[PDB]
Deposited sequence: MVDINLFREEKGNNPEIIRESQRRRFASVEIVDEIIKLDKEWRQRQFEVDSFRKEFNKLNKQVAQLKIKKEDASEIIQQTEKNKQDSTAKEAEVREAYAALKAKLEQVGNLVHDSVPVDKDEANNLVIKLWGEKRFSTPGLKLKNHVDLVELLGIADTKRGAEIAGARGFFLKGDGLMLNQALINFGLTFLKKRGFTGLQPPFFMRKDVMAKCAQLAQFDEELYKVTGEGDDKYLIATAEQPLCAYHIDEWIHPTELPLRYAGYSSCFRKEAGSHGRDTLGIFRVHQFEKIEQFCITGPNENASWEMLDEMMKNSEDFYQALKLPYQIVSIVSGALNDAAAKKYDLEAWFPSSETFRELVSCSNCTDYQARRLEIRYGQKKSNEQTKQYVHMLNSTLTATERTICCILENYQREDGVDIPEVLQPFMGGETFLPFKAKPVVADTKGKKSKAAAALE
């Protein structure tokens, strides 16, 4: 949720900023007045208690009187119930309000109008010499995934990684983790389980039943790496925090191919900053430079698009995608999303900024470095030859010096 304080004229904050952000999200502007009207009620009860607190403690410092100090306690428990109700009803509207859309975000309702802002790399095309094959056919020819036997075993989109497929998957995971460890990141592998209560604050997911409470399978490392540091204080000397999240991922939405799948592995950049001095906006550039340097090391051409205000989800204040070149189909596909969600999750998760006045909260960002099966698919297409696939230079050490994967 957003800071109630940014709706209060009282504290020297203009609620038009909220109204403008609603407009840019093509969402209710009327709700900003609804919330102001509710906040005011609630703060009156919040105060309408301390009226009967003082009048209660006023009687004290002395049945035309003894019956007066009776009702003033019946009051301060009756009115405390009203305060509870007000808080609750205020939660129901404020919950619905998206994060404040940064001004640099292109305003529009269709991702069709996503603003390309950067290009990189010399894109390969089908020549007369070699028709460029797609990832689906190159996985079959290389013999590095059993999607057929996978499908009988795990149901639809189910796949084994095999031989140099597993070595490659593992090569990319360790290349990514070392890549990021060199840039000040600490590895973190979360449990693939998470309690629904906790997921709430961070049903398009798998439910796992058995030991304890019903839990979800995680769609992204980003979800466990957000619950981590719940209810904690983080000291300014700790921030900024850089975690290289690693995990398997389970998506419900998706017998040939490993691009459009139910289970996959993923390195995530997850960063916490303090909420002042433009720190989170500086970290968003930092993480986006890291995503860039990495696809450049792999020598995969790409373009960076900024996401229209209309397409930002409720947590994101701003978002880029790195779309990389798939030469057989001459398309760019999404291999990175890079979000600054500022204090939106932090404030629900009571993740605070102080030593331990009025409450400050940390800023949190997330940026896929690589979804391995997707990155592989992109590697296959861009590195293919007449009779196999060359291995990118930087992955060659992690594959024991091998430079080539021949077709069966």
Where are the holes in the model when you compare it to the deposited sequence? 63 to 73, 214 to 220, 273 to 278, 381 to 384, 437 to 456
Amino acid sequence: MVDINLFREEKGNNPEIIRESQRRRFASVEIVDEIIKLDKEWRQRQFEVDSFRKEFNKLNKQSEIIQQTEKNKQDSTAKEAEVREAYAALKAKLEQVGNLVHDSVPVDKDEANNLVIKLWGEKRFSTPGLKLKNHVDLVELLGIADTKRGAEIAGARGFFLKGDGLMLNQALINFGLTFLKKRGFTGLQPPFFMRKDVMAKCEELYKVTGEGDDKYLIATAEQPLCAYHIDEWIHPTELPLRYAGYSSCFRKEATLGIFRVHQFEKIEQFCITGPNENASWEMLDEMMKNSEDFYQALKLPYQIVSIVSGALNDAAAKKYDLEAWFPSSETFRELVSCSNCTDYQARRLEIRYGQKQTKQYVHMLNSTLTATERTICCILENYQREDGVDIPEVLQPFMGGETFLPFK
From here on, numbers count along this sequence of modelled residues.
Pick between 336 to 344 and 48 to 56: the one whose mean CA B-factor in the entry is higher. 48 to 56
Averaging C-alpha B-factors over each stretch, which comes out higher, 82 to 90 or 305 to 313? 82 to 90
By the entry's C-alpha temperature factors, tell me which of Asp39, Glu373, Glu381, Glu350 sits highest. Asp39
Name the residue from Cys202, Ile234, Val105, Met287 with the greatest C-alpha temperature factor listed in the entry. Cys202
By the record's CA B-factor, is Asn366 among the lowest, middle or highest third of residues in the chain? lowest
Looking at the temperature factor on the CA atom of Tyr216, which third of the chain's modelled residues does it land in? highest
In terms of the chain's CA B-factor thirds, is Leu130 lowest, middle or highest? highest
Can you work out whether the C-alpha temperature factor of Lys11 puts it in the lowest, middle or highest third of the chain? highest
Here the Cα B-factor of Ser76, set against its chain, lands in the third termed highest
